[PDB]
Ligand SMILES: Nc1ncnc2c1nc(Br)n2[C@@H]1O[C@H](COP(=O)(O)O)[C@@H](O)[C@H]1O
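Next comes just one chain, in structure tokens: the form deposited without the named molecule.
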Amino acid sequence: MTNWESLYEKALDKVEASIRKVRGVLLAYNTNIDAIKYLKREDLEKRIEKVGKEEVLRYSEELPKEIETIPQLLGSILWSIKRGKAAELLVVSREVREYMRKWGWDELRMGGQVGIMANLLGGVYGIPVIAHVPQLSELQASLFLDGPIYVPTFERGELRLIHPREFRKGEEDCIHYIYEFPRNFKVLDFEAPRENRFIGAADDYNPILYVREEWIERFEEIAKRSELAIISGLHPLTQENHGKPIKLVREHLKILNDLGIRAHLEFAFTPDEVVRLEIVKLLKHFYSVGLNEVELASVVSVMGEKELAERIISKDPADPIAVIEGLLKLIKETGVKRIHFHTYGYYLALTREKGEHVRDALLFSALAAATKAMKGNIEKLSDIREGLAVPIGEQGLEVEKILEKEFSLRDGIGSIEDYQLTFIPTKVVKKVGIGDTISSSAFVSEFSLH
């Protein structure tokens, strides 16, 4: 058997030494505020009564396309509760937003793929970040950590990087209200199958991939102050609104390519199939892509390999060889140099680049994931050491045995064609932005190790 605990310890020590070499990561585009409310039975019942139990129940059987009224909000909540399933809808009514603001919340956290990675890369790991923030209100700014986290501003056309807390006041709050409920939560006559949540997004900016004027007119000058880039926030775009923003992203990718700045994308699930296909075509401009089993299956599916997509998500844990067939398919169609697959019990990477540093980056990112799941947050880099005590999970060990026999992985490493195949078993706490912590941590630390 492999001494995974020794490899995990060495990987952490190596990344702690090397992570300081990264000069700057550019992070765009989606940043918001997350406001979490822990639902309570009597309050939720009374609010449903006030607005009409009848209408609310109607929307619990069939989700609205968006939330225009308070019965739509409450009924959407109820939909998630009785399916124990997560859903998110835009809230497009000012009256409903006011209703939600007054109903309030219990916990305030940074939100958005940019915001959370700024706090992780910048605040925890100490790597300078340049972050794209659609609306940097005082509240938005207050949620950034300490450390080298910057937003670009321009004085006499001169670029100045400043901490969010020093940015001018005036912009508005982009709040996603996260309505959480426990297992078997009861309301009226329903009880939730699973613990879960409904998200009402009171957000006019990120759902359309809003881009700040200065990042449209001065992108090259901004990008020149970074060494790596992580692009995020494409997933909500639809056939209606994708035109202008995809054109912006493509122009920005070409500049990053001209500047030699390697870019990573976590291929978050993208419901609109046309846009999902457009993101696939954008992948030609990326060095690296990350995805999980649902995402990989979604992508293989829209490409017309419906049988393979079914296999990718069919077994728990995912039939690793089907996964690898999907990765090999994607890596040859797109030309990306790096694909990091992450699921519950294990990660895989398929890379043109070779060596132990690919494995060490995956192990580090799994420690970060385990520390975040356990603590809920990460405050300091050396706290990741706590992940060393988390046991490796049964599913990871089961998949290792399959990959040891079918590829000839030693200490998680083997080769197929001109790729290295890298595997690690995850340390599972099982208790957010975990997926982004995983694929951003592996991407940045692998580069720091090289």
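For clarity, a rigid core is taken as the largest C-alpha set superposing within 1.5 Å between two forms. One rule holds for the numbers: they count along the sequence shown, beginning at 1.
Coordinates are lacking for 4 to 9 deposited residues between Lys431 and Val432. For the two regions 155-163 and 326-334, the entry's Cα B-factors average higher over 155-163.
Of the two stretches examined, 84-92 and 128-136, the record assigns the greater average C-alpha temperature factor to 84-92.
Taking the deposited Cα B-factors for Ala309, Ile231, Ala366, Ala268, the highest one is held by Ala309. Residue set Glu180, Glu220, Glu213, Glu98: peak C-alpha B-factor at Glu180 (per PDB entry). The entry lists a Cα temperature factor for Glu107 that places it in the middle third of the chain's modelled residues.
In the PDB entry, a CA B factor belonging to the lowest third of its chain's modelled residues is recorded for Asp360. When the modelled residues of the chain are ordered by their C-alpha B factor, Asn184 lands in the highest third.
Among the modelled residues of its chain, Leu449 has a C-alpha B-factor that falls in the middle third according to the deposited record. When the CA B factors of the chain's modelled residues are split into thirds, the value for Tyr59 lands in the highest one.
Not on display, but discussed next: the form deposited with the named molecule bound.
Highlighted residues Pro64, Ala87 and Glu195: every one comes within 4.5 Å of the named molecule in the entry with it bound, counting any heavy atom. The named molecule in the entry with it bound is approached by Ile434, whose closest heavy atom lies within 4.5 angstroms of it. Taking the partner from elsewhere, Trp103 is found to have every heavy atom lying beyond 4.5 Å of the named molecule in the entry with it bound. Taking the partner from elsewhere, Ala11 is found to have every heavy atom lying beyond 4.5 Å of the named molecule in the entry with it bound.
In the entry with it bound, the named molecule sits within 4.5 Å of a heavy atom of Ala373. Interface residue among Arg262, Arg83, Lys337, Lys329 relative to the named molecule in the entry with it bound, by the heavy atom within 4.5 Å criterion: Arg83. Annotated contact segment (heavy atom within 4.5 Å of the named molecule in the entry with it bound): 338-346, selected among 338-346, 216-224, 67-75, 239-247. Contacts between 413-429 and the named molecule, taken as any heavy atom within 4.5 Å in the entry with it bound, involve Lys427, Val428, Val429. Just one residue from the list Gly290, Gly111, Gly200, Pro236 crosses the 2 Å line for C-alpha shift between this form and the one not shown on a rigid core fit, and it is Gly200.
With the core superposed, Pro64 shows a C-alpha displacement of at least 2 Å between this form and the one not shown. Relative to the superposed core, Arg212 undergoes a Cα shift smaller than 2 Å between this form and the one not shown. Core-superposed comparison between this form and the one not shown: the Cα of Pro391 travels less than 2 Å.
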